[PDB]
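What follows is a set of notes on a single structure, which appears directly below.
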Amino acid sequence: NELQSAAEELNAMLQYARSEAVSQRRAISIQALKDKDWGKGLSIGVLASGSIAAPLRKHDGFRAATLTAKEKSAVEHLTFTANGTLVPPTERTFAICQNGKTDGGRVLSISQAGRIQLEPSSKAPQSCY
């Protein structure tokens with residue numbers, strides 16, 4: 001249940017950043033505040049000089065410290081554009097893992113078009129990154 005909830009919370013935050021970019025017709029970012037681990041705190045809003053000074057929304061981190069959410073290329077932030085795409089429009093892959101192992105883990109993907117998908121549990125991450 002804990003990992004399901006964590007994956008859903010990360011999904012909701014990513015979706016919110018994208019939807020705000022589309023609705024506001026401008027670049028809205030989401031940033032992992034600690035260790036490039038998207039489960040240890042997030043901010044959403046306009047990114048400038050490496051930070052989001054006036055957040056639209058925050059996430060305090062997953063309750064369990066033993067959960068991690070890391071992206072394949074170790075990104076610390078993502079920026080969605082007015083058309084819903086990422087800049088750069090690079091495919092992203094998040095692995096949500098318990099205890100640093102992939103068993104029971106989940107994959108959250110973002111396509112080149114900016115489409116965010118929490119993949120079914122029948123797709124375990126290839127790595128916790």
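Each chain in the structure tokens gets a letter, A, B, ..., in the order shown, and its residues are numbered from 1; ligands are numbered from 1 in order too.
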**Request:** Mind checking which residues fall within 12 Å of residue 78 in chain A, counting only C-alpha atoms, ignoring those fewer than 3 positions away in the same chain, and posting them as a VMD selection string?
**Result:** chain A and resid 13 to 15 17 to 18 21 27 to 32 36 38 42 to 47 50 to 52 71 73 to 75 81 84 to 94 110 114
**Request:** Mind the document's chain letters and residue numbers, and return as a ChimeraX atom specification the residues of chain A that DSSP labels alpha helix (DSSP H).
**Result:** /A:2-24
**Fill in**
Separating CA of residue 83 in chain A from CA of residue 22 in chain A, to the nearest tenth of an Å, is a gap of 5.9 Å
Nearby residues (only C-alpha atoms) at most 7 Å from residue 119 in chain A, same-chain spacing under 2 positions excluded, as a JSON list (two decimals) with C-alpha atoms, in the first residue's frame:
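Saved the output as result05.json:
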[["chain", "number", "residue", "atom", "x", "y", "z"],
["A", 106, "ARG", "CA", 6.91, 0.57, -9.98],
["A", 107, "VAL", "CA", 7.77, 2.47, -13.16],
["A", 108, "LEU", "CA", 6.50, 5.92, -14.02],
["A", 117, "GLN", "CA", 2.02, 7.13, -17.17],
["A", 121, "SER", "CA", 2.73, -3.51, -11.47],
["A", 123, "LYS", "CA", 6.16, -3.94, -15.24]]
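The nearest approach to residue 69 in chain A among the residues A:6, A:128, A:96, A:53, with only C-alpha atoms taken into account, belongs to A:96.
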**Fill in**
Of A:12, A:113, A:97, A:48, the one sitting nearest residue 64 in chain A when using only C-alpha atoms is A:97
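The residue that comes closest to residue 40 in chain A, out of A:11, A:68, A:23, A:109 and on the basis of only C-alpha atoms, is A:68.
Candidate residues A:66, A:101, A:58, A:16 were compared for distance to residue 79 in chain A, and the nearest is A:16, using only C-alpha atoms.
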**Item:** chain A: residues DSSP assigns to strand (DSSP E), reported as a PyMOL selection string
**Value:** chain A and resi 28-32+42-45+47-48+51-52+57-59+67-71+77-80+92-98+101-110+116-118
Only N, CA and C atoms, please: the residues just picked out, written as a compact mmCIF listing (two decimals), in the first residue's frame.
# COMPACT_ATOMS: atom_id res chain seq x y z
N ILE A 28 6.39 25.53 -16.55
CA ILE A 28 6.25 25.25 -15.13
C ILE A 28 7.07 24.01 -14.82
N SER A 29 7.87 24.10 -13.76
CA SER A 29 8.81 23.05 -13.44
C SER A 29 8.45 22.32 -12.16
N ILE A 30 9.09 21.17 -11.99
CA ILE A 30 8.98 20.40 -10.76
C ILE A 30 10.39 19.96 -10.38
N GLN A 31 10.74 20.12 -9.11
CA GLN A 31 12.11 19.90 -8.67
C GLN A 31 12.17 19.01 -7.44
N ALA A 32 13.06 18.01 -7.48
CA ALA A 32 13.38 17.20 -6.31
C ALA A 32 14.36 17.98 -5.45
N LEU A 42 9.38 17.72 -2.96
CA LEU A 42 9.20 18.33 -4.28
C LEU A 42 8.63 19.73 -4.19
N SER A 43 9.01 20.56 -5.16
CA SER A 43 8.40 21.87 -5.36
C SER A 43 7.99 22.00 -6.80
N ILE A 44 6.89 22.70 -7.05
CA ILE A 44 6.39 22.96 -8.39
C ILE A 44 6.23 24.45 -8.57
N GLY A 45 6.70 24.96 -9.70
CA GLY A 45 6.52 26.37 -10.02
C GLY A 45 7.54 26.85 -11.02
N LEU A 47 10.93 27.86 -12.34
CA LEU A 47 12.33 27.59 -12.02
C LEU A 47 13.22 28.73 -12.49
N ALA A 48 14.06 29.24 -11.60
CA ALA A 48 15.00 30.30 -11.94
C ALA A 48 16.25 30.19 -11.09
N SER A 51 16.36 27.16 -8.67
CA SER A 51 15.39 26.96 -7.60
C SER A 51 14.00 27.45 -8.01
N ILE A 52 13.00 27.06 -7.23
CA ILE A 52 11.63 27.54 -7.42
C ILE A 52 11.31 28.45 -6.24
N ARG A 57 2.95 24.54 -5.43
CA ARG A 57 2.58 23.35 -4.70
C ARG A 57 3.85 22.68 -4.21
N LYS A 58 3.76 22.00 -3.08
CA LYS A 58 4.89 21.26 -2.51
C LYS A 58 4.44 19.86 -2.13
N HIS A 59 5.40 18.94 -2.07
CA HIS A 59 5.18 17.61 -1.51
C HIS A 59 6.29 17.38 -0.50
N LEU A 67 11.68 4.16 0.86
CA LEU A 67 11.23 4.29 -0.52
C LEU A 67 12.10 5.31 -1.23
N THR A 68 12.44 5.03 -2.48
CA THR A 68 13.15 5.99 -3.31
C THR A 68 12.43 6.13 -4.64
N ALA A 69 12.51 7.31 -5.23
CA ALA A 69 11.98 7.52 -6.58
C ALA A 69 13.06 8.24 -7.38
N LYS A 70 13.78 7.50 -8.20
CA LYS A 70 14.90 8.06 -8.94
C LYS A 70 14.67 7.94 -10.43
N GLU A 71 15.17 8.91 -11.19
CA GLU A 71 14.99 8.91 -12.64
C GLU A 71 16.23 8.33 -13.32
N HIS A 77 15.23 17.98 -11.84
CA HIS A 77 14.02 18.74 -12.14
C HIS A 77 13.57 18.42 -13.53
N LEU A 78 12.30 18.72 -13.80
CA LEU A 78 11.72 18.62 -15.13
C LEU A 78 10.95 19.90 -15.39
N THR A 79 10.91 20.33 -16.65
CA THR A 79 10.18 21.53 -17.03
C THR A 79 9.19 21.19 -18.11
N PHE A 80 7.91 21.40 -17.82
CA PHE A 80 6.86 21.24 -18.82
C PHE A 80 6.58 22.57 -19.52
N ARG A 92 11.49 10.07 -20.12
CA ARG A 92 11.93 9.93 -18.74
C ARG A 92 11.37 8.67 -18.13
N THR A 93 12.14 8.08 -17.22
CA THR A 93 11.73 6.86 -16.53
C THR A 93 12.06 6.95 -15.05
N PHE A 94 11.03 6.94 -14.21
CA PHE A 94 11.21 6.90 -12.76
C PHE A 94 11.01 5.49 -12.22
N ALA A 95 11.91 5.07 -11.34
CA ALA A 95 11.73 3.82 -10.62
C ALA A 95 11.41 4.13 -9.18
N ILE A 96 10.28 3.61 -8.71
CA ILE A 96 9.88 3.75 -7.32
C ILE A 96 10.15 2.41 -6.67
N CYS A 97 11.11 2.38 -5.75
CA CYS A 97 11.56 1.14 -5.14
C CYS A 97 11.49 1.16 -3.63
N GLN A 98 11.36 -0.03 -3.05
CA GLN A 98 11.48 -0.21 -1.61
C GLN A 98 12.81 -0.88 -1.29
N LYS A 101 15.76 -2.23 -3.88
CA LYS A 101 15.63 -3.39 -4.75
C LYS A 101 14.39 -3.23 -5.61
N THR A 102 14.37 -3.87 -6.77
CA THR A 102 13.27 -3.66 -7.72
C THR A 102 12.03 -4.50 -7.47
N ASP A 103 12.13 -5.54 -6.64
CA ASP A 103 10.97 -6.38 -6.33
C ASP A 103 9.85 -5.53 -5.76
N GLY A 104 8.66 -5.66 -6.33
CA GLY A 104 7.51 -4.87 -5.93
C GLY A 104 7.55 -3.41 -6.36
N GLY A 105 8.56 -3.05 -7.14
CA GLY A 105 8.74 -1.65 -7.52
C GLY A 105 7.83 -1.24 -8.66
N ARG A 106 7.77 0.06 -8.92
CA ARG A 106 6.91 0.57 -9.98
C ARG A 106 7.67 1.50 -10.91
N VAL A 107 7.18 1.60 -12.14
CA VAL A 107 7.77 2.47 -13.16
C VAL A 107 6.79 3.56 -13.52
N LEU A 108 7.27 4.80 -13.55
CA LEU A 108 6.50 5.92 -14.02
C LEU A 108 7.25 6.51 -15.20
N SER A 109 6.61 6.52 -16.36
CA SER A 109 7.24 6.95 -17.60
C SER A 109 6.70 8.30 -18.06
N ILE A 110 7.53 9.06 -18.76
CA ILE A 110 7.07 10.25 -19.46
C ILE A 110 7.56 10.19 -20.90
N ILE A 116 2.49 11.37 -19.14
CA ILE A 116 2.93 10.75 -17.90
C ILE A 116 2.08 9.52 -17.61
N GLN A 117 2.73 8.38 -17.39
CA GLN A 117 2.02 7.13 -17.17
C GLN A 117 2.63 6.32 -16.03
N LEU A 118 1.83 6.01 -15.01
CA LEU A 118 2.23 5.06 -13.99
C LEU A 118 1.95 3.67 -14.56
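One distance worth recording is that between CA of residue 129 in chain A and CA of residue 72 in chain A, which is 5.8 Å.
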**Prompt:** So what do you get for CA of residue 100 in chain A versus CA of residue 60 in chain A, distance-wise?
**Reply:** 20.4 Å
